[PDB]
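Heads up, the thing below is written out as structure tokens.
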There are 2 protein chains.
Amino acid sequence: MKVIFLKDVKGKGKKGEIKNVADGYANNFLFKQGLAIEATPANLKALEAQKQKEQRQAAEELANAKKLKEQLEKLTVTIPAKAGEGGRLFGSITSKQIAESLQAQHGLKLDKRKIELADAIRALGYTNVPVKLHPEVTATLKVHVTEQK
Amino acid sequence: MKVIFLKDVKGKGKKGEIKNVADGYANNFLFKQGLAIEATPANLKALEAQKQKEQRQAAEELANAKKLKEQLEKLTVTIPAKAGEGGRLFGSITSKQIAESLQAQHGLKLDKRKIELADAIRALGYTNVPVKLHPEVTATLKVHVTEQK
């Protein structure tokens with residue numbers, strides 16, 4: 001009996017792992033723990049549709065990360081800050097500030113989790129910060145810390 | 001008369017811009033300044049071959065930048081340095097040092113031009129530096145500056 005696996009596969013085979021399972025056992029265990037479903041020509045086409053949309057989405061996303069990477073690499077975030085000791089800052093500029101100045105000045109709302117800053121910026125000057133927009137899309141954000149007051 | 005443009009097009013149409021130019025004029029001016037060539041069925045197939053190889057290459061490159069991006073994001077460059085003044089360095093760690101420590105410790109020979117460091121690192125700690133491996137492939141290099149002596 002052909003079956004559409006809903007869960008127990010390589011994690012969640014819900015994508016559409018269609019395998020011919022033993023009838024009965026299928027409807028006695030798999031079908032019992034919601035693991036699989038009847039490979040009816042409806043729930044087969046209906047599966048195809050979901051896989052087709054998941055594939056479209058994944059592609060929109062990638063395409064978006066790519067356009068977004070282009071917007072970012074033309075910018076320059078400007079974060080002014082109180083410094084003294086040879087350019088050295090009083091506090092530290094971190095991912096939230098950078099994320100905020102980016103929204104405020106460039107109209108971009110980016111999750112601070114994507115701003116791959118390691119150690120918090122603690123000095124006046126320019127810093128190129130990497131931004132992980134997607135598994136295979138990283139952009140360089142130029143950050144500029146200027147002395148205020 | 002069909003002609004294979006060798007130069008004067010959008011920069012260098014040498015890719016294979018095959019256009020039907022007026023016979024005579026072609027062989028009197030274009031053919032004269034090496035701009036175009038006879039669209040013979042040999043120099044047409046021979047063009048196809050070059051376009052086909054240029055397309056293969058461009059793809060190898062991209063594929064390589066992508067694998068290379070994976071190798072880099074697993075590393076951690078360790079550059080020790082003389083510091084004093086509250087972690088502050090005596091000199092500055094720049095792209096050449098980073099490039100060198102990368103070769104020396106990880107067996108990777110990368111052009112320092114790809115290490116998108118802005119202002120030279122002048123303090124002990126960790127710094128994520130962007131690396132432009134290709135027009136659309138950037139990786140994050142984690143750099144670790146440790147106090148020596």
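Within each chain, counting starts at residue 1; across the structure tokens, chains are named A, B, ... in the order shown, with ligands numbered 1 upward in that order.
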Determine, counting only C-alpha atoms, which protein, DNA and RNA residues have an atom within 7 Å of an atom of residue 73 (chain B); residues of the same chain fewer than 5 positions away are not included. Present the result as an mmCIF file with N, CA, C and O atoms, in the first residue's frame.
data_model
loop_
_atom_site.group_PDB
_atom_site.id
_atom_site.type_symbol
_atom_site.label_atom_id
_atom_site.label_comp_id
_atom_site.auth_asym_id
_atom_site.auth_seq_id
_atom_site.Cartn_x
_atom_site.Cartn_y
_atom_site.Cartn_z
ATOM 1 N N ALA B 139 31.972 35.654 2.815
ATOM 2 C CA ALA B 139 32.029 34.779 3.969
ATOM 3 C C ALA B 139 32.497 35.596 5.145
ATOM 4 O O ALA B 139 33.158 36.630 4.977
ATOM 5 N N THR B 140 32.214 35.093 6.335
ATOM 6 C CA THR B 140 32.622 35.744 7.575
ATOM 7 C C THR B 140 33.878 35.056 8.164
ATOM 8 O O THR B 140 33.841 33.890 8.527
ATOM 9 N N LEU B 141 34.989 35.756 8.244
ATOM 10 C CA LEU B 141 36.188 35.178 8.806
ATOM 11 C C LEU B 141 36.298 35.597 10.270
ATOM 12 O O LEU B 141 36.268 36.778 10.565
#
At most 8 Å to chain B: residues in chain A, only C-alpha atoms, as a PDB file with N, CA and C atoms, in the first residue's frame:
ATOM      1  N   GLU A 116      26.253  39.977  12.288  1.00  0.00           N
ATOM      2  CA  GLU A 116      27.275  39.141  12.880  1.00  0.00           C
ATOM      3  C   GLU A 116      28.400  39.884  13.572  1.00  0.00           C
ATOM      4  N   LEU A 117      28.081  40.772  14.515  1.00  0.00           N
ATOM      5  CA  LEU A 117      29.139  41.492  15.246  1.00  0.00           C
ATOM      6  C   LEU A 117      29.717  40.544  16.340  1.00  0.00           C
ATOM      7  N   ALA A 118      31.036  40.489  16.449  1.00  0.00           N
ATOM      8  CA  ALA A 118      31.635  39.607  17.430  1.00  0.00           C
ATOM      9  C   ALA A 118      31.751  40.391  18.711  1.00  0.00           C
ATOM     10  N   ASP A 119      32.904  41.014  18.877  1.00  0.00           N
ATOM     11  CA  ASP A 119      33.148  41.834  20.054  1.00  0.00           C
ATOM     12  C   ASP A 119      32.561  43.244  19.769  1.00  0.00           C
ATOM     13  N   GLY A 125      35.653  55.352  14.465  1.00  0.00           N
ATOM     14  CA  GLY A 125      36.158  54.925  13.153  1.00  0.00           C
ATOM     15  C   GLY A 125      35.163  54.181  12.260  1.00  0.00           C
ATOM     16  N   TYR A 126      35.678  53.435  11.288  1.00  0.00           N
ATOM     17  CA  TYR A 126      34.856  52.630  10.384  1.00  0.00           C
ATOM     18  C   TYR A 126      34.996  51.109  10.607  1.00  0.00           C
ATOM     19  N   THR A 127      33.890  50.394  10.557  1.00  0.00           N
ATOM     20  CA  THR A 127      33.929  48.954  10.744  1.00  0.00           C
ATOM     21  C   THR A 127      32.977  48.273   9.795  1.00  0.00           C
ATOM     22  N   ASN A 128      33.488  47.332   9.018  1.00  0.00           N
ATOM     23  CA  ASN A 128      32.682  46.564   8.067  1.00  0.00           C
ATOM     24  C   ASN A 128      32.150  45.379   8.834  1.00  0.00           C
ATOM     25  N   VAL A 129      30.847  45.335   9.100  1.00  0.00           N
ATOM     26  CA  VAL A 129      30.210  44.229   9.824  1.00  0.00           C
ATOM     27  C   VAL A 129      29.497  43.261   8.840  1.00  0.00           C
ATOM     28  N   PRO A 130      29.656  41.917   8.995  1.00  0.00           N
ATOM     29  CA  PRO A 130      28.999  40.970   8.092  1.00  0.00           C
ATOM     30  C   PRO A 130      27.565  40.823   8.504  1.00  0.00           C
ATOM     31  N   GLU A 136      23.055  31.197   2.423  1.00  0.00           N
ATOM     32  CA  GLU A 136      24.100  31.422   1.466  1.00  0.00           C
ATOM     33  C   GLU A 136      24.186  32.864   0.944  1.00  0.00           C
ATOM     34  N   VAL A 137      23.723  33.825   1.758  1.00  0.00           N
ATOM     35  CA  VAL A 137      23.786  35.244   1.401  1.00  0.00           C
ATOM     36  C   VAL A 137      24.168  36.148   2.599  1.00  0.00           C
ATOM     37  N   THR A 138      25.398  36.672   2.528  1.00  0.00           N
ATOM     38  CA  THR A 138      26.002  37.556   3.526  1.00  0.00           C
ATOM     39  C   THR A 138      26.412  38.856   2.819  1.00  0.00           C
ATOM     40  N   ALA A 139      26.144  39.982   3.474  1.00  0.00           N
ATOM     41  CA  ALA A 139      26.476  41.287   2.940  1.00  0.00           C
ATOM     42  C   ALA A 139      27.373  41.978   3.933  1.00  0.00           C
ATOM     43  N   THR A 140      28.100  42.971   3.449  1.00  0.00           N
ATOM     44  CA  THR A 140      28.997  43.762   4.284  1.00  0.00           C
ATOM     45  C   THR A 140      28.344  45.117   4.654  1.00  0.00           C
TER      46      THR A 140
END
Exercise. What separation in Å, quoted to one decimal, exists between CA of residue 87 (chain B) and CA of residue 94 (chain A)?
Worked result: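 Result for CA of residue 87 (chain B) versus CA of residue 94 (chain A): 18.5 Å, one decimal.
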For this session: Run DSSP on the backbone and give me the residues of chain B it puts in strand (DSSP E or B), as JSON, numbers by chain.
Result: {"B": [2, 3, 4, 5, 8, 9, 11, 12, 17, 18, 19, 20, 36, 37, 38, 77, 78, 79, 80, 81, 83, 88, 89, 90, 91, 92, 93, 115, 121, 122, 123, 125, 126, 127, 128, 129, 130, 131, 132, 133, 134, 137, 138, 139, 140, 141, 142, 143, 144, 145, 146, 147]}
Restrict the selected residues to C-alpha atoms and save them as a compact mmCIF listing (two decimals), in the first residue's frame.
# COMPACT_ATOMS: atom_id res chain seq x y z
CA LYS B 2 26.14 38.59 -41.10
CA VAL B 3 29.12 39.53 -38.95
CA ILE B 4 30.72 38.39 -35.66
CA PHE B 5 31.52 41.52 -33.64
CA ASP B 8 32.96 47.88 -30.58
CA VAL B 9 29.67 46.84 -28.92
CA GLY B 11 32.39 47.47 -24.48
CA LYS B 12 33.68 44.23 -26.02
CA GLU B 17 27.45 39.64 -30.94
CA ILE B 18 26.40 38.29 -34.35
CA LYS B 19 24.76 41.05 -36.39
CA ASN B 20 24.02 41.40 -40.10
CA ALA B 36 34.04 42.46 -36.78
CA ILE B 37 34.69 39.24 -38.67
CA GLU B 38 33.06 37.06 -41.36
CA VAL B 77 42.51 32.96 12.64
CA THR B 78 44.72 33.54 15.69
CA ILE B 79 46.91 36.59 15.54
CA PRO B 80 48.87 37.21 18.78
CA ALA B 81 50.04 40.70 19.49
CA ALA B 83 49.11 45.06 23.83
CA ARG B 88 44.91 48.25 23.22
CA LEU B 89 47.58 47.16 20.73
CA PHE B 90 50.98 48.73 20.07
CA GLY B 91 50.60 48.43 16.31
CA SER B 92 47.68 47.28 14.15
CA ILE B 93 46.58 44.01 12.67
CA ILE B 115 39.60 40.65 3.21
CA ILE B 121 42.24 46.13 14.28
CA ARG B 122 43.93 47.90 17.24
CA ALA B 123 42.64 45.92 20.21
CA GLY B 125 39.61 40.21 21.20
CA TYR B 126 37.44 38.67 18.45
CA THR B 127 36.51 40.30 15.14
CA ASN B 128 34.33 38.90 12.36
CA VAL B 129 35.85 40.18 9.09
CA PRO B 130 33.87 39.92 5.76
CA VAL B 131 35.59 38.23 2.81
CA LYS B 132 34.47 38.97 -0.72
CA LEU B 133 35.22 35.73 -2.45
CA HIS B 134 33.08 36.60 -5.46
CA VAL B 137 29.74 35.33 -2.40
CA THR B 138 30.96 36.81 0.93
CA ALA B 139 32.03 34.78 3.97
CA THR B 140 32.62 35.74 7.58
CA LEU B 141 36.19 35.18 8.81
CA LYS B 142 36.52 35.05 12.60
CA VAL B 143 39.71 36.69 13.62
CA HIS B 144 41.11 36.27 17.17
CA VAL B 145 43.79 38.70 18.45
CA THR B 146 45.59 37.39 21.57
CA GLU B 147 48.17 39.22 23.74
Exercise. Could you pull out all residues of chain B with a DSSP call of helix (DSSP H, G or I) and give them as number ranges by chain?
Worked result: B: 13-15, 25-30, 41-72, 85-87, 95-106, 112-114
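Closest approach to residue 72 (chain B) among B:39, B:107, B:58, B:95: B:107, based on only C-alpha atoms.
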Exercise. Leaving out residue 51 (chain B) and any residue of its chain fewer than 5 positions from it, which residues lie within 10 Å of it when counting only C-alpha atoms, given as a PyMOL selection string?
Worked result: chain B and resi 14-16+45-46+56-57
Writer output for current selection, N, CA and C atoms, as an mmCIF file, in the first residue's frame:
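What ended up in selection28.cif:
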data_model
loop_
_atom_site.group_PDB
_atom_site.id
_atom_site.type_symbol
_atom_site.label_atom_id
_atom_site.label_comp_id
_atom_site.auth_asym_id
_atom_site.auth_seq_id
_atom_site.Cartn_x
_atom_site.Cartn_y
_atom_site.Cartn_z
ATOM 1 N N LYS B 14 32.820 40.921 -28.185
ATOM 2 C CA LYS B 14 33.569 39.748 -28.604
ATOM 3 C C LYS B 14 32.938 38.437 -28.135
ATOM 4 N N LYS B 15 32.020 38.520 -27.168
ATOM 5 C CA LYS B 15 31.337 37.335 -26.639
ATOM 6 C C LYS B 15 30.754 36.574 -27.812
ATOM 7 N N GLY B 16 30.200 37.321 -28.764
ATOM 8 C CA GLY B 16 29.618 36.712 -29.938
ATOM 9 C C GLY B 16 28.449 37.482 -30.498
ATOM 10 N N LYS B 45 30.783 28.541 -35.186
ATOM 11 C CA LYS B 45 30.815 27.421 -34.270
ATOM 12 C C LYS B 45 31.973 27.659 -33.310
ATOM 13 N N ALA B 46 33.079 28.161 -33.850
ATOM 14 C CA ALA B 46 34.278 28.455 -33.071
ATOM 15 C C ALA B 46 33.996 29.537 -32.048
ATOM 16 N N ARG B 56 31.208 27.950 -18.664
ATOM 17 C CA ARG B 56 31.561 26.837 -17.795
ATOM 18 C C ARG B 56 32.436 27.354 -16.682
ATOM 19 N N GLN B 57 33.400 28.183 -17.067
ATOM 20 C CA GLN B 57 34.348 28.789 -16.155
ATOM 21 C C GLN B 57 33.648 29.609 -15.108
#
